[PDB]
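*Asks:* give me a 3D structure for the following:
(chains A, B, C, D, E, F, G, H and I)
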Amino acid sequence: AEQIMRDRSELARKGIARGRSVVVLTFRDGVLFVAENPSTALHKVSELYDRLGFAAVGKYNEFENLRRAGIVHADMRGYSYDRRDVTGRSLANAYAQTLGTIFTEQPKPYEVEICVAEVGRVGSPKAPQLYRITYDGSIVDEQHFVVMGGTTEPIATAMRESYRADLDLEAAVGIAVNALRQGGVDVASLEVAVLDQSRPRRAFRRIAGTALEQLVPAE
Amino acid sequence: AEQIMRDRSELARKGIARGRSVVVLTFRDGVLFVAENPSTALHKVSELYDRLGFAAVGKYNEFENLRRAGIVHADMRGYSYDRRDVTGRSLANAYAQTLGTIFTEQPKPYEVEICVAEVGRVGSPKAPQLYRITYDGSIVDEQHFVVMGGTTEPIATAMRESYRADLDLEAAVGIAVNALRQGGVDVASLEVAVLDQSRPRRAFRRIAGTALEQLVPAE
Amino acid sequence: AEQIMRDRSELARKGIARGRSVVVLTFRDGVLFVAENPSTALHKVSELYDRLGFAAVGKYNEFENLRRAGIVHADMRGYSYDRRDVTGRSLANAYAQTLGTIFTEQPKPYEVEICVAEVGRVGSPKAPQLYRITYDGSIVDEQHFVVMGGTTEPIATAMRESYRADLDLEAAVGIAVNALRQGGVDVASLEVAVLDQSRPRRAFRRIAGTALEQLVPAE
Amino acid sequence: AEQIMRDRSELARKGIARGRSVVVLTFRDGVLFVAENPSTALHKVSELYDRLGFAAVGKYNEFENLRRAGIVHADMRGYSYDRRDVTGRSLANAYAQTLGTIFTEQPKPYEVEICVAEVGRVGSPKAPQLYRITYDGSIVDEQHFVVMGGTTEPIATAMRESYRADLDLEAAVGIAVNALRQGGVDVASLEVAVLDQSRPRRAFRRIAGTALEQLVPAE
Amino acid sequence: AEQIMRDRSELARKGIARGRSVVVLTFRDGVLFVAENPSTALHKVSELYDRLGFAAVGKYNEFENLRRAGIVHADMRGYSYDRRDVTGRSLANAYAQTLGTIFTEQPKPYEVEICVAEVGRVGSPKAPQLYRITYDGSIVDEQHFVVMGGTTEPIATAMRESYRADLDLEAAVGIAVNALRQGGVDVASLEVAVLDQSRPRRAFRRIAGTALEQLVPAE
Amino acid sequence: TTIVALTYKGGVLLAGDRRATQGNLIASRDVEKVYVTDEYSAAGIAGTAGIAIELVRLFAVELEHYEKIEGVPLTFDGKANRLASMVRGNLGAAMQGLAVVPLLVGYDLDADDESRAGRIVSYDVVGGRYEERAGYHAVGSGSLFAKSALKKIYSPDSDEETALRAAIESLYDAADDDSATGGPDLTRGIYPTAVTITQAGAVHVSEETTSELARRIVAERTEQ
Amino acid sequence: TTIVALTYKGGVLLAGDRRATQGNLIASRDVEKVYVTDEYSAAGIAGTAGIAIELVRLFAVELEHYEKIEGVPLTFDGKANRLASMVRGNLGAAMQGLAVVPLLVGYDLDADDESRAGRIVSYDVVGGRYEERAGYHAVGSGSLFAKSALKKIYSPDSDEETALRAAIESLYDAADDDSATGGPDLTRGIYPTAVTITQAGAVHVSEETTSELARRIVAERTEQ
Amino acid sequence: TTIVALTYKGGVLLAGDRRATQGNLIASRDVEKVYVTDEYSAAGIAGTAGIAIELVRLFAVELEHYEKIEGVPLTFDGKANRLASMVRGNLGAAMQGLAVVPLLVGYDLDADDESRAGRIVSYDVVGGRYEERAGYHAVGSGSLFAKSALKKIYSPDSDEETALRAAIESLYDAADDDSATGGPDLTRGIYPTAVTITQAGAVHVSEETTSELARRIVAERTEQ
Amino acid sequence: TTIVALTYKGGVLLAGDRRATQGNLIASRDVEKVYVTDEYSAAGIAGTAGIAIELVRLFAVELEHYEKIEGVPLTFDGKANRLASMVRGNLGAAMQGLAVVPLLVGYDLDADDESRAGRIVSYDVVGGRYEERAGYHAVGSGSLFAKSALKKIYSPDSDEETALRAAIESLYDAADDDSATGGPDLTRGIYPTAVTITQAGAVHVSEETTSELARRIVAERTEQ
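*Replies:* Residues are numbered from 1 along each chain as shown, chains lettered A, B, ... in the order given. Structure as follows:
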């Protein structure tokens, strides 16, 4: 009985530790997403709503599924009420509820870990917020950074030490890229995007090659 | 057969003893909620209805689920009849029924413990009431205080000794904060709120930092 | 196969023997309910219909559930026909049917034991009737008294010896209170009520503190 | 596979052998029912229809259930056609079908044994008929007598020897009462009734105390 | 997997071999049914349709069920089209389909064996046909005789040797009765009927005592 | 159609005519409109015979089914509530022209005054039920006339013989003014039917008693 | 259409005409309207032939199905109740113009008086069933005339030969006043059909007997 | 019909007439239109008696069921909201002519001013509920007249005796101008019924008090 | 009915009359048509009182339920969209004559210009919602007159006292030309009700202030 959940938990943990990593952090302009991903067709980072961003690690088909559900959920709430009533906390709670049910009722738990990032409105002085939801429905709020996928401990501590508030875009990218190197590679072959608070409505924006070139520090 | 429920019970008990604690008590103004919670985004204490309060320990996604159900249940009964027909006993019985069914039919019991607090109407001289519902559908009524989460025994006895009727707000907070220290930390980093009977309709109110500052005694 | 029901039966029996006791008996005015219960908010004795009373032992959430079903069942039959067509035998048979099905189909049997008491109509010279339904759907009719919960044998024999017809209210209470002491405490901290046949319609009535004071004999 | 039904069969057989007995026989006036039953509130014998009688042994809640179904079935057929189209054989076949299905599909077989008795119409010279249906759907027709419940062998042989056609009511009762004594008590504390063919429509009739007094022979 | 069907098959085979036997054969007038059955209320042989007959062995409640289904099936087809479109082969195939599904999906296979007999139309010179369907959905067509129930081998060989075409009614009965004696009793206490082709529409006819008397040879 | 119900010392009774018409045409001369519904109750029905006769038949079955299942018969009020439920279940048909309305009588075993245990309950097309307590009541096309006759010839707490006579007379007056009711047919020997219910139960009045009562009223009227 | 039912010493009979019309136009000259429904019963039908003929056919099947399943045939009353159920199940169609009404007869094996075991049951469009017991009855457009003729020429407890003659005569009178019934066609040799039921069962009257009876009535009438 | 509700010092009361009409014809002389719905509340109903009486009966059951399940009775407002729900659930029938409208009164245990705990709530056909607070109110065909009479003879905070008299008088004025209401019948001794609710609960006014009050109003009017 | 909404410096307000009519007959003199729906919003309703009052009640519950579940109140626009959804859900009833139309006002906490955070939103019977932004608006049978009065006496960005006066005056003009609205009743001391919403929230205007404002308008008009 208690052993069932024991095993289910291990299957998920191992599957996630077997995959690559992702780093999400708070800086001067809003939120930065730095994920290890060799592909440019299949993503691990995505826009959720006006001021919400999504990032995940684990089994693709499973978090891609949760990514879509999130977009559906956000678009719908915005329509039933007002776009501004769509909150990051609301989506985070929904993912927690969903993953929790899957971990208990489904044939196999989802080998996934998810992060929801929210930035304030154009004017608002509100500091960005991050939420992390795990395969068993656990959820925590982080106000500085989140690390998930593969062997996190080394990458986490690195970040824990190289993190500073109000970081420059170039600095923030460096902080993440170097922390990613403390794991185990790590060239301009990764997925990057930001939740730019300066933007009027849709804050999500991806950072392409040429622009990424001048941000990723050499080793 | 009898072993199944044996194991199911242990899974829940351990999961709860593994989490933090919460103290709910009766005092001069009504009811006080003191819960150990580092987060200010995710809560463990909440308003239920006009004169009802909610507090829980255990797995978040699961009691957050029961919290919402409770609000739905209360709002609905108030609408079908009158707001004043919504009672704390009624909700407690509903939680008992629900948790009992989950403990018997669901794949995994809910690793949760819940407390429902009710204060009398503005004028009424009626003494506040507390109910505690456990993961297996057990329910007990307490008229002084309730302790749940983590290792309770030491915190309970502490309360059992430092409890007095008609306590001042500052005193009541101290009683709880010190009792919480008998477990195992415990700074102005916890969730606090009250069910203020003096209020006209909605008696639930949270106590923020600055105000909490001048209530939590030093060690 | 035969072992399944063997275990299921033990789980229920033990759970009931682990709880407190209740004594139901026939006397001069109708029926008396004396149940060991420290709480005044959560009951184990209740009115069913005009001339019907309910008492149970075991797991609360489970018999409270059966208590409500009984009220629903009685009110409905009275409405479809006439109040006077609602009989104690009819409800007893329903409980037997229900508990029997739960014991065979549900994931866990109900750790409950139930007693239905019926008193005659205002004029009628008919002697009160008692029914007892157990967790496996067994049902027996008793015309003098019923004992259930905890270790019954000692309490039963005590009653078996101290029982007499046409007992006075004060006498009947003594008979029960003393028989309850033969188990294992037992102060004016228990649930008491009666099915007063002298009453026009609703015969059920609870006996509060002050009135109970002058009925419960000292040790 | 074949062992499953093996065990299921034993559970039922033992449960029935553990209970009391019943004797049903054919005599001068029609059919006589003599069942061991200390209660006068809960029956094991009952009217089915105009010329049909019912008797069962085993678990009460289960055969009481089959008793009601039988009444429903009989009343319905009589209404859809004519009362005279309701036959004993038709009900017997229905019970066989039902018990057979329960023994194969239900979680637990019914610990029951049933007897359906039919007497001819007022004028008709047709000899009464008896049917016996067991827990596994077996069914046999008996034209003299049927014995079921507890240890039958000794009671059967006794009957087998003391049975004679065209028996007087008083004689028939004796035959049954004495045969019941060959088991293992057996005073005027048992359930008795007859299917009196002389009656116009409803042939079923119970035999109360005073009348039973002068029929049950002393030992 | 392959062992499941192995056991299921044995349960059925043994149950059938444990019962009595039946012999169905082709003769001068059409088809003859000779079944070992002490009862005159419960049958094992029955009319199906105008020119179709039914005979079975095994568990009564189960083949009686299949007997009714067959009648329903035949009557319905005759109505949807024409009575003459109802064929023995059609019913046989249906029984095969049905028994096959039960043997694979039901909790317990049907301990049954069935025979469908068809005789030609009044004028037609067509020779009668017999079909045998077993518990696992197997089906074979026999043009001379069929033996089922109990220990068949000895009865079969007996028939195999004493069978001759164009047998007289009295001869055919003897052939069957003697063959039945080669098993293991066998007096004028058995169920007999025929499918008389000379008849206009309904060819099925039972042979009562007096008439059977002068057909069953002595030993 | 006309069905009348009368209360008397012993208990209650029901009597009804035998005619059935399809417009102006006479369709039946021997319709049975009064049925014993159980040991202590009976019911008469007016309206679409198709539905009415089988409805009262189902009612009887339902009452006996209750008793066999519970081991105890229903209260009189309980029997009335059940009939109401059945009438209510026919509202649909009634709104399409197939309406039926029963008149229920019974000897209330749970009645205090044993000389007044006789009861009369009338119904609505919507299922409503009403205690009469006026001594008598009637239903059907001729009910208006029967009630006005009874208002003059009825005697409270009379004996059975007297009540039976007043009943057949009220039915006679009904057939006298309503062609849809139809009086005694001395030509074929067909007369209204009746049922009496008392401490001893519900009994069918013999056709010899109905015949006698009919001949009498006819003679009293023929005598100018 | 006209279908008549007559009771006599031995048992009962049914006889019906052969015409079918679509408005004023004649659509059929050989319709079979009387069917043996089982060993001891028969039924005639009036109304939408489409529905009627297959309905009586299903009825027959249902009766035989009951017997094969239960091993015992239904009571006559049981057979009548079943027909009622089928008529009731056609109420929908009837309300749209596709109505059908049967007439049921049978030799009641469970009857006391074996000389009066013959029974006649008529039906409603709503499913009602009614015992006739007047000796005869009729259904269809010409039933009015047939019944009025029978009221004069019918003899209770007569023999089969007499009953058969009165039946064909009543049908003759029906075709004489109702163009929708149609009498004997001596031109094509087509006559009403009939079924007689007695202790021995239900039998189809030979067309030689019907022919003979028709020729006779025609001759009696032709003789002014 | 006319049902009136009056507020007074102690508590509140309800009084209603006894008539039932089917068009112009009088169908009943003893209808009970006021029912005690629980310890501290009562309700009167106007409209299709079939539905109304059983609806108020179900209401009573529902209130007691709530108390037995929750161990606490409902708030007065809660009771009113429940009645509204039941009225709302009858909108369908109301749109087909089977409308019913109740008038609810009660002694509010949760009321501040214990001398003004008496309350009156009127309803809509759509389920709306309305606080009256004018001292009185009425429903039914005669309500118009009863209210206009009360507007002149009603005294706020009067005693029970005074309130009861004004109530029967307003009902008298109603029967005087509305043939569908019907006043005191000194001939059969049948008078309006009433219920009073106070700190002590809801009580049925004795028919001796109603009789007395009726005789009085009649006398005051007879005296020109 | 007439409900008016006005914008002013501090925030917004709502005021409504107290009358209810059933045709020409006056059915109520104290109807409450303006409700505080939450801390910073209020709504007035015109149409079938049965449905309207409970609808605005449900709206209030829904807004508070959202806040307790999400821990954050809805945007003003979000509150408006929800009301629209409820109006849309009543289209069915509206098409049968039971229509209701609300008028929503609120102090937009997310508004830039804090002196112009007051908003007015009107609705359709189909659920449409519309930003008013003209300073005022009205709904109900008398709205036409109230708006034309306001078009002359309304002053943008006035203070609360001024806005409240213009509101009661427009309602006065409405009752002056629309018998279905009903003005101040100095006889019973019953006046229009109002709610004001500002940075501090939604407050119920005291009946002493409404009384005062009413007396004033009456005096200004009485003074020819």
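
*Asks:* which residue does chain F have closest to chain E?
*Replies:* residue F:68 (25.1 Å; CB to the nearest CB). Quick note: C-beta positions are derived from backbone N, CA and C, even for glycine.

*Asks:* tell me the SS of that residue?
*Replies:* Going by DSSP: H, G, I helix; E, B strand; the rest coil, the secondary structure assigned to residue F:68 is helix.

*Asks:* pretty sure it contacts residue D:47?
*Replies:* Yes: counting by CB atoms under 8 Å, residue F:68 does reach residue D:47; the two are 6.0 Å apart.

*Asks:* residue 71 - how many residues pack around it?
*Replies:* All of this is about chain A. When counting by other CB atoms under 10 Å in any protein chain shown, one arrives at 16 neighbours for residue A:71.

*Asks:* that's the other chain; I wanted chain F
*Replies:* 14.

*Asks:* next one: residue A:159 from chain I, what distance?
*Replies:* For residue A:159, the distance to chain I equals 29 Å [CB to the nearest CB, to the nearest Å].

*Asks:* apart from its neighbours in sequence, what residue is nearest that residue?
*Replies:* Spatial nearest neighbour of residue A:159, chain neighbours left out: residue A:179 (4.4 Å); criterion: CB to CB, 6 or more residues apart in numbering or on different chains.

*Asks:* who's in contact with the one you found?
*Replies:* A:23, A:147, A:155-156, A:158-159, A:162 (CB atoms under 8 Å, 6 or more residues apart in numbering or on different chains).

*Asks:* and if we set it to 6 Å?
*Replies:* Applying CB atoms under 6 Å, 6 or more residues apart in numbering or on different chains, we find residue A:179 in contact with A:155, A:158-159.

*Asks:* now the residue nearest the centre of chain A: which helix or strand?
*Replies:* Using CA atoms, centre = their mean, the residue of chain A that lies closest to the mean C-alpha position is residue A:55, 3.0 Å off. Here residue A:55, judged by DSSP states H and E, is contained in strand A:52-58.

*Asks:* what are the pairing partners of that strand, and which direction each?
*Replies:* strand A:45-49 (antiparallel), strand A:112-118 (antiparallel) (DSSP bridges).

*Asks:* which parts of the chain are strands?
*Replies:* If you meant another chain, say so; for now it's chain A. Per DSSP state E, chain A carries strands over the ranges A:22-26, A:30-35, A:45-49, A:52-58, A:112-118, A:129-134, A:139-142, A:145-148, A:191-196, A:204-206.

*Asks:* sorry, I should have been clearer: chain F.
*Replies:* Using DSSP E, strands in chain F cover F:3-7, F:12-16, F:20-22, F:25-28, F:34-38, F:41-47, F:100-107, F:118-123, F:129-131, F:136-139, F:193-198, F:201-204.

*Asks:* so which of these is nearest chain A?
*Replies:* Smallest distance to chain A across the strands of chain F (CB to the nearest CB): 49.6 Å, for strand F:129-131.

*Asks:* against which helices or strands is that closest one packed?
*Replies:* Helices and strands touching strand F:129-131, by 3 or more CB pairs under 6 Å, 6 or more residues apart in numbering or on different chains; DSSP states H and E, are strand F:118-123.

*Asks:* so what strands line up beside the strand it packs on?
*Replies:* Sheet pairing for strand F:118-123, assigned by DSSP bridges, gives strand F:100-107 (antiparallel), strand F:129-131 (antiparallel).

*Asks:* which of these sits closest to residue E:117?
*Replies:* Closest of the strands paired with strand F:118-123 to residue E:117 is strand F:100-107, at 51.9 Å (criterion: CB to CB).

*Asks:* for the closest residue to chain G within chain F, give me its contacts.
*Replies:* Of all residues in chain F, the one sitting closest to chain G is residue F:50 (3.1 Å; CB to the nearest CB). Residue F:50 is in contact with G:124, G:126-128, counting by CB under 6 Å, 6+ apart.

*Asks:* among those, which ones are buried?
*Replies:* Applying 16 or more other CB atoms under 10 Å in any protein chain shown to these, the neighbour count classes G:124, G:126-128 as buried.

*Asks:* can you list contacts of stretch F:156-164?
*Replies:* Residues from elsewhere that reach stretch F:156-164 (CB under 6 Å, 6+ apart): F:6, F:8-10, F:13, F:135.

*Asks:* hmm, which two among the residues you listed are most spread apart?
*Replies:* Taking CB to CB, the two most distant members of the contacts of stretch F:156-164 are F:10 and F:135; they sit 13.8 Å apart.

*Asks:* mind listing what residue A:215 touches?
*Replies:* Neighbouring residues of residue A:215 by CB under 6 Å, 6+ apart: A:170, A:173.

*Asks:* picking up where we left off before, ok, which of the strands of chain F comes nearest residue H:108?
*Replies:* Of all these, it is strand F:129-131 that lies closest to residue H:108, at 33.5 Å by CB to CB.

*Asks:* mind listing what's buried in that closest one?
*Replies:* Neighbour-count burial for strand F:129-131 [16+ other CB under 10 Å]: F:129-130.

*Asks:* run through the buried ones among the contacts of residue F:50 and flag the ones next to chain F.
*Replies:* Among the buried ones among the contacts of residue F:50, the residues lying close to chain F (CB under 6 Å from any CB of the partner chain) are G:124, G:126-128.

*Asks:* tell me the one of the residues you listed nearest chain D?
*Replies:* Of these, the one sitting nearest to chain D (CB to the nearest CB) turns out to be residue G:127, at 13.0 Å.
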